[PDB]
Each structure stands twice: as C-alpha cells, then as structure tokens.
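This is start_11.pdb. It holds PDB, C-alpha atoms and all ligand atoms.
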```
ATOM      1  CA  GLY J   1      43.761  -8.891  23.578  1.00  0.00           C
ATOM      2  CA  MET J   2      44.953  -5.356  23.024  1.00  0.00           C
ATOM      3  CA  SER J   3      48.713  -5.086  22.899  1.00  0.00           C
ATOM      4  CA  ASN J   4      49.998  -3.396  26.027  1.00  0.00           C
ATOM      5  CA  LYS J   5      52.213  -1.465  23.614  1.00  0.00           C
ATOM      6  CA  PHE J   6      49.184   0.813  23.017  1.00  0.00           C
ATOM      7  CA  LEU J   7      49.101   1.705  26.681  1.00  0.00           C
ATOM      8  CA  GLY J   8      50.618   4.994  27.708  1.00  0.00           C
ATOM      9  CA  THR J   9      50.668   8.714  27.068  1.00  0.00           C
ATOM     10  CA  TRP J  10      51.073   9.817  23.458  1.00  0.00           C
ATOM     11  CA  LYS J  11      51.656  13.220  21.865  1.00  0.00           C
ATOM     12  CA  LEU J  12      50.712  14.258  18.340  1.00  0.00           C
ATOM     13  CA  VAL J  13      53.839  14.769  16.262  1.00  0.00           C
ATOM     14  CA  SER J  14      52.236  15.101  12.834  1.00  0.00           C
ATOM     15  CA  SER J  15      48.916  15.396  11.111  1.00  0.00           C
ATOM     16  CA  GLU J  16      48.044  15.128   7.456  1.00  0.00           C
ATOM     17  CA  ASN J  17      44.731  16.047   5.795  1.00  0.00           C
ATOM     18  CA  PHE J  18      42.982  16.787   9.123  1.00  0.00           C
ATOM     19  CA  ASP J  19      41.118  19.826   7.743  1.00  0.00           C
ATOM     20  CA  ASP J  20      39.455  17.869   4.955  1.00  0.00           C
ATOM     21  CA  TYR J  21      38.643  15.113   7.409  1.00  0.00           C
ATOM     22  CA  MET J  22      37.030  17.622   9.818  1.00  0.00           C
ATOM     23  CA  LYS J  23      35.209  19.291   6.955  1.00  0.00           C
ATOM     24  CA  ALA J  24      33.747  15.951   5.901  1.00  0.00           C
ATOM     25  CA  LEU J  25      32.456  15.404   9.437  1.00  0.00           C
ATOM     26  CA  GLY J  26      30.647  18.760   9.129  1.00  0.00           C
ATOM     27  CA  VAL J  27      32.962  20.730  11.424  1.00  0.00           C
ATOM     28  CA  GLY J  28      32.693  24.453  10.823  1.00  0.00           C
ATOM     29  CA  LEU J  29      35.472  26.794   9.863  1.00  0.00           C
ATOM     30  CA  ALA J  30      36.198  28.453  13.206  1.00  0.00           C
ATOM     31  CA  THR J  31      36.297  25.125  14.988  1.00  0.00           C
ATOM     32  CA  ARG J  32      38.497  23.584  12.261  1.00  0.00           C
ATOM     33  CA  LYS J  33      40.894  26.490  12.638  1.00  0.00           C
ATOM     34  CA  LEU J  34      41.389  25.624  16.290  1.00  0.00           C
ATOM     35  CA  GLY J  35      41.356  21.882  15.651  1.00  0.00           C
ATOM     36  CA  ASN J  36      44.201  22.253  13.161  1.00  0.00           C
ATOM     37  CA  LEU J  37      46.230  24.203  15.702  1.00  0.00           C
ATOM     38  CA  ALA J  38      45.629  21.700  18.474  1.00  0.00           C
ATOM     39  CA  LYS J  39      48.384  19.234  19.381  1.00  0.00           C
ATOM     40  CA  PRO J  40      46.591  16.754  21.631  1.00  0.00           C
ATOM     41  CA  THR J  41      47.802  14.175  24.072  1.00  0.00           C
ATOM     42  CA  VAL J  42      46.106  10.766  23.953  1.00  0.00           C
ATOM     43  CA  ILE J  43      46.212   8.567  27.046  1.00  0.00           C
ATOM     44  CA  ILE J  44      45.334   4.919  26.699  1.00  0.00           C
ATOM     45  CA  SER J  45      44.876   2.884  29.849  1.00  0.00           C
ATOM     46  CA  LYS J  46      43.236  -0.348  30.909  1.00  0.00           C
ATOM     47  CA  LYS J  47      41.400  -1.509  34.036  1.00  0.00           C
ATOM     48  CA  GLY J  48      40.263  -5.093  33.764  1.00  0.00           C
ATOM     49  CA  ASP J  49      38.505  -5.542  30.429  1.00  0.00           C
ATOM     50  CA  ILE J  50      37.714  -1.810  30.306  1.00  0.00           C
ATOM     51  CA  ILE J  51      39.897   0.336  28.039  1.00  0.00           C
ATOM     52  CA  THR J  52      39.963   4.117  28.263  1.00  0.00           C
ATOM     53  CA  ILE J  53      41.127   6.529  25.589  1.00  0.00           C
ATOM     54  CA  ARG J  54      41.446  10.087  26.851  1.00  0.00           C
ATOM     55  CA  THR J  55      42.293  12.972  24.540  1.00  0.00           C
ATOM     56  CA  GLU J  56      43.487  16.226  26.113  1.00  0.00           C
ATOM     57  CA  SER J  57      43.979  19.565  24.436  1.00  0.00           C
ATOM     58  CA  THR J  58      43.568  23.225  25.281  1.00  0.00           C
ATOM     59  CA  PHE J  59      40.572  23.409  22.927  1.00  0.00           C
ATOM     60  CA  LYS J  60      38.706  20.200  23.824  1.00  0.00           C
ATOM     61  CA  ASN J  61      39.089  17.160  26.071  1.00  0.00           C
ATOM     62  CA  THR J  62      37.400  13.822  25.356  1.00  0.00           C
ATOM     63  CA  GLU J  63      37.254  10.462  27.077  1.00  0.00           C
ATOM     64  CA  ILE J  64      35.717   7.107  26.191  1.00  0.00           C
ATOM     65  CA  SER J  65      35.682   3.859  28.144  1.00  0.00           C
ATOM     66  CA  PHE J  66      34.676   0.639  26.413  1.00  0.00           C
ATOM     67  CA  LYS J  67      34.935  -3.114  26.114  1.00  0.00           C
ATOM     68  CA  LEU J  68      36.069  -4.545  22.818  1.00  0.00           C
ATOM     69  CA  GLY J  69      33.148  -5.349  20.546  1.00  0.00           C
ATOM     70  CA  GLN J  70      30.506  -3.722  22.764  1.00  0.00           C
ATOM     71  CA  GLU J  71      28.648  -0.730  21.388  1.00  0.00           C
ATOM     72  CA  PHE J  72      28.695   2.346  23.594  1.00  0.00           C
ATOM     73  CA  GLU J  73      27.618   5.969  23.492  1.00  0.00           C
ATOM     74  CA  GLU J  74      30.264   8.496  22.633  1.00  0.00           C
ATOM     75  CA  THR J  75      30.561  12.256  22.631  1.00  0.00           C
ATOM     76  CA  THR J  76      33.178  13.319  20.129  1.00  0.00           C
ATOM     77  CA  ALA J  77      35.387  16.396  20.317  1.00  0.00           C
ATOM     78  CA  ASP J  78      33.149  18.246  17.815  1.00  0.00           C
ATOM     79  CA  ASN J  79      30.104  17.318  19.897  1.00  0.00           C
ATOM     80  CA  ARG J  80      28.713  14.501  17.778  1.00  0.00           C
ATOM     81  CA  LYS J  81      26.649  11.978  19.735  1.00  0.00           C
ATOM     82  CA  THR J  82      27.533   8.617  18.241  1.00  0.00           C
ATOM     83  CA  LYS J  83      27.163   4.927  18.730  1.00  0.00           C
ATOM     84  CA  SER J  84      30.711   3.619  18.677  1.00  0.00           C
ATOM     85  CA  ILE J  85      32.427   0.253  18.634  1.00  0.00           C
ATOM     86  CA  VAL J  86      36.111  -0.493  19.082  1.00  0.00           C
ATOM     87  CA  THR J  87      37.638  -3.728  17.831  1.00  0.00           C
ATOM     88  CA  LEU J  88      40.921  -5.581  17.314  1.00  0.00           C
ATOM     89  CA  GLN J  89      41.861  -6.384  13.704  1.00  0.00           C
ATOM     90  CA  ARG J  90      45.448  -7.417  13.072  1.00  0.00           C
ATOM     91  CA  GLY J  91      46.911  -5.656  16.078  1.00  0.00           C
ATOM     92  CA  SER J  92      45.048  -2.499  14.978  1.00  0.00           C
ATOM     93  CA  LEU J  93      42.620  -0.838  17.339  1.00  0.00           C
ATOM     94  CA  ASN J  94      39.685   0.106  15.091  1.00  0.00           C
ATOM     95  CA  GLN J  95      37.037   2.550  16.256  1.00  0.00           C
ATOM     96  CA  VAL J  96      33.817   3.091  14.319  1.00  0.00           C
ATOM     97  CA  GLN J  97      31.414   5.961  15.025  1.00  0.00           C
ATOM     98  CA  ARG J  98      27.840   6.041  13.689  1.00  0.00           C
ATOM     99  CA  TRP J  99      25.451   8.973  13.882  1.00  0.00           C
ATOM    100  CA  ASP J 100      22.604  10.159  11.662  1.00  0.00           C
ATOM    101  CA  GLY J 101      23.189   7.412   9.151  1.00  0.00           C
ATOM    102  CA  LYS J 102      26.838   8.455   8.787  1.00  0.00           C
ATOM    103  CA  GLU J 103      30.003   6.611   9.692  1.00  0.00           C
ATOM    104  CA  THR J 104      33.677   7.394  10.310  1.00  0.00           C
ATOM    105  CA  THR J 105      36.509   5.087  11.361  1.00  0.00           C
ATOM    106  CA  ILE J 106      39.660   5.773  13.331  1.00  0.00           C
ATOM    107  CA  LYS J 107      42.249   2.994  13.058  1.00  0.00           C
ATOM    108  CA  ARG J 108      45.147   3.156  15.534  1.00  0.00           C
ATOM    109  CA  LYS J 109      48.139   0.919  14.830  1.00  0.00           C
ATOM    110  CA  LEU J 110      51.676   0.601  16.156  1.00  0.00           C
ATOM    111  CA  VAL J 111      54.449   1.368  13.654  1.00  0.00           C
ATOM    112  CA  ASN J 112      58.054   1.335  14.821  1.00  0.00           C
ATOM    113  CA  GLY J 113      56.928   2.317  18.316  1.00  0.00           C
ATOM    114  CA  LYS J 114      54.697   5.176  17.108  1.00  0.00           C
ATOM    115  CA  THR J 115      50.916   5.121  17.140  1.00  0.00           C
ATOM    116  CA  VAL J 116      49.584   5.948  13.695  1.00  0.00           C
ATOM    117  CA  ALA J 117      45.916   6.976  13.566  1.00  0.00           C
ATOM    118  CA  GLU J 118      44.199   6.762  10.170  1.00  0.00           C
ATOM    119  CA  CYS J 119      40.886   8.662  10.158  1.00  0.00           C
ATOM    120  CA  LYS J 120      38.451   7.924   7.337  1.00  0.00           C
ATOM    121  CA  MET J 121      35.225   9.749   6.474  1.00  0.00           C
ATOM    122  CA  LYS J 122      33.577   9.375   3.060  1.00  0.00           C
ATOM    123  CA  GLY J 123      36.820   8.604   1.222  1.00  0.00           C
ATOM    124  CA  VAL J 124      38.810  11.374   2.948  1.00  0.00           C
ATOM    125  CA  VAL J 125      41.817   9.883   4.771  1.00  0.00           C
ATOM    126  CA  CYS J 126      43.742  11.741   7.465  1.00  0.00           C
ATOM    127  CA  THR J 127      46.889  10.398   9.147  1.00  0.00           C
ATOM    128  CA  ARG J 128      48.122  11.500  12.544  1.00  0.00           C
ATOM    129  CA  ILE J 129      51.265  10.242  14.162  1.00  0.00           C
ATOM    130  CA  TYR J 130      51.763  10.040  17.894  1.00  0.00           C
ATOM    131  CA  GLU J 131      54.984   9.630  19.851  1.00  0.00           C
ATOM    132  CA  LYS J 132      55.038   7.937  23.243  1.00  0.00           C
ATOM    133  CA  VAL J 133      56.197  10.159  26.081  1.00  0.00           C
TER     134      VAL J 133
HETATM  135  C1  LIG J 201      40.912  16.938  20.272  1.00  0.00           C
HETATM  136  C2  LIG J 201      41.499  17.674  19.063  1.00  0.00           C
HETATM  137  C3  LIG J 201      40.459  18.095  18.096  1.00  0.00           C
HETATM  138  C4  LIG J 201      39.888  19.446  18.434  1.00  0.00           C
HETATM  139  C5  LIG J 201      38.437  19.631  17.988  1.00  0.00           C
HETATM  140  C6  LIG J 201      38.308  19.847  16.502  1.00  0.00           C
HETATM  141  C7  LIG J 201      37.259  18.975  15.812  1.00  0.00           C
HETATM  142  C8  LIG J 201      37.380  17.483  16.118  1.00  0.00           C
HETATM  143  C9  LIG J 201      37.246  16.618  14.926  1.00  0.00           C
HETATM  144  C10 LIG J 201      36.767  15.194  15.229  1.00  0.00           C
HETATM  145  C11 LIG J 201      37.577  14.449  16.273  1.00  0.00           C
HETATM  146  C12 LIG J 201      38.977  14.103  15.808  1.00  0.00           C
HETATM  147  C13 LIG J 201      39.468  12.751  16.224  1.00  0.00           C
HETATM  148  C14 LIG J 201      40.921  12.603  15.835  1.00  0.00           C
HETATM  149  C15 LIG J 201      41.553  11.274  16.176  1.00  0.00           C
HETATM  150  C16 LIG J 201      42.929  11.385  16.920  1.00  0.00           C
HETATM  151  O1  LIG J 201      43.894  11.930  16.299  1.00  0.00           O
HETATM  152  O2  LIG J 201      42.908  10.928  18.086  1.00  0.00           O
HETATM  153 CL    CL J 202      46.841  21.916  22.536  1.00  0.00          CL
HETATM  154 MG    MG J 203      42.792  17.156   1.173  1.00  0.00          MG
HETATM  155 MG    MG J 204      43.046  20.662   2.505  1.00  0.00          MG
END
```

Translate this structure into structure tokens?
Amino acid sequence: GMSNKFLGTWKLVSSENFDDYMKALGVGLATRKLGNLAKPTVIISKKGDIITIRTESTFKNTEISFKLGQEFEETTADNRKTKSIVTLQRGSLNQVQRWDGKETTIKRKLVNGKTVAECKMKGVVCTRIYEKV
C-alpha cells in the first residue's frame, strides 16, 4: 500500500537537530562528528511485497528489507541491533526500532515531492529533508 512516490533515490538536503538525536541514541562524540558531516543517499525500492531502504554514505552504509507490519532484525548505522517494524499510517512510512528496552521512531512522509524524515528519541525530534534525484 506504500505510495510509489516513495520509490527512488533521495539525497539529504537538510538536517535539523541530528546531533541531539544521535546523542540521545548514545552515539559518541567522534561518531557524531562524522554523522553530522555525512550527506547520505537513501534508495527505496520494492520487489513484490518486500521493500528495501538502503542508505549510502562515505562513513556508513545500511540496508533493510521488510514487509509492512512484520518485525525484522535490523543493524543501524551506529551498530545498534534492533527489532524493527515499518508501517503505513496516513501515507507516512513509520519505522520503529526497539533495543535494550529503548525505542526510536523514524517517520518518512512526502511533502511537496520531498521526503521528510522525522526522527524521535526520548522527546528529541530531528528533521531531515531529502530531495529526489
Ligand atoms: C548514515 C548516516 C549516519 C552516519 C552514522 C552516524 C550515527 C547514526 C545515527 C543513527 C542512524 C540515523 C538514521 C537517520 C534517518 C535518515 O535520515 O534516514
Ligand atoms: Cl557522505
Ligand atoms: Mg537540540
Ligand atoms: Mg544541539
């Protein structure tokens, strides 16, 4: 049920409050330094019911494949091992990651042709805007 408008190759154009988001995930200073400098490309694709989100950067690459509503094991860019679930709520693609009794959410939604990712951890909100390419 995912909008095919999500599908494509997307480039970060802006990021707000990423440091405090990373810090709340427990990312350490040197890694945050490089994370803040990174300008990743996110590639969303679909094969049958299986959706893939691939993030590419000089510093770290990541890739998850999933079916909506089906928990799956994830390795995040900061090397957290999580149980994740991705869902559709109101045209938004909502990812939840759980590990060690913690939880963070990344909500990706289409806004005037951009993908806007809202990343929440413990009341810290970070917003990152992606342009299709
Ligand atoms: C892949 C760029 C990040 C580089 C590594 C720095 C620490 C990662 C922090 C947690 C993962 C961030 C997820 C951001 C969501 C997004 O914008 O796609
Ligand atoms: Cl980069
Ligand atoms: Mg802040
Ligand atoms: Mg700050």

Pick from J:131, J:97, J:82, J:121, whichever lies nearest to ligand MG 203 (chain J) using all atoms listed in the file = J:121

Determine the residue membership of the PyMOL selection byres (((chain J and resi 15) around 9) and not hetatm) for the file above and supply it as a PyMOL selection string.
-> chain J and resi 12-14+16-18+36+126-129

Throw together the list of residues within 8 Å of ligand CL 202 (chain J), counting all atoms listed in the file, and drop it here as a list in words.
->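 Here is the list of contacting residues: residues 37, 38, 39, 40, 41, 56, 57, 58 and 59 of chain J.
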
Could you state which residues are captured by the PyMOL selection byres (((chain J and resi 116) around 8) and not hetatm) in this file, as a PyMOL selection string?
-> chain J and resi 107-111+114-115+117-118+127-130

Give as a PyMOL selection string the residues that the PyMOL selection byres (((chain J and resi 62-65) around 12) and not hetatm) matches when applied to the coordinates above.
-> chain J and resi 40-61+66-68+70-80+82-86+95

Nearest to ligand MG 204 (chain J) by atom-to-atom distance, counting all atoms listed in the file, from J:88, J:125, J:2, J:93 |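 That would be J:125, the residue with the smallest distance to ligand MG 204 (chain J).
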